[PDB]
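Chains as they are written, first to last, in our numbering: chain A, 1 to 42; chain B, 43 to 91. Note that the Cβ used here is the ideal one computed from N, Cα and C, for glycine as well. Below is one structure, written out as structure tokens, with a few remarks after it.
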Amino acid sequence: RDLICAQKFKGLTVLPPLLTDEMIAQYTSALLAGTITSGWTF
Amino acid sequence: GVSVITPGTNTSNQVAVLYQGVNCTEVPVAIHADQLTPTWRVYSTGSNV
């Protein structure tokens with residue numbers, strides 16, 4: 001029940017990134033769709 | 043951490059407050075009890091959440 005991420009109590013926190021994993025996946029999907037359907041033209 | 047989100051004092055004096063890493067069923071809601079100081083901060087507001 002004791003987690004290694006209980007470093008918050010010593011003042012050490014982690015900030016979440018601006019782009020989520022879903023948004024990075026959507027950027028990657030847009031890159032793949034453009035590369036497959038349009039070549040280098042996009 | 044407390045983060046203050048402002049559009050700039052040239053535009054408006056309205057701010058939005060981000061209490062970093064905590065839930066807001068857990069944020070102290072002493073809005074009209076701020077003069078009694080149960081908080082490290084003095085300011086307290088009750089805007090849209």
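Interface residues of chain B facing residue i [CB-CB closer than 9 Å]
i            : result
residue 13/A : 43, 62 and 63
Where residue i sits in the DSSP three-state scheme
i            : result
residue 44/A : It is not possible to answer for residue 44/A, since the shown part of chain A is limited to 1 through 42.
residue 78/B : helix
residue 47/B : strand
residue 58/B : strand
residue 19/A : coil
residue 42/A : coil
residue 36/A : helix
residue 3/A  : coil
residue 12/A : coil
residue 72/B : coil
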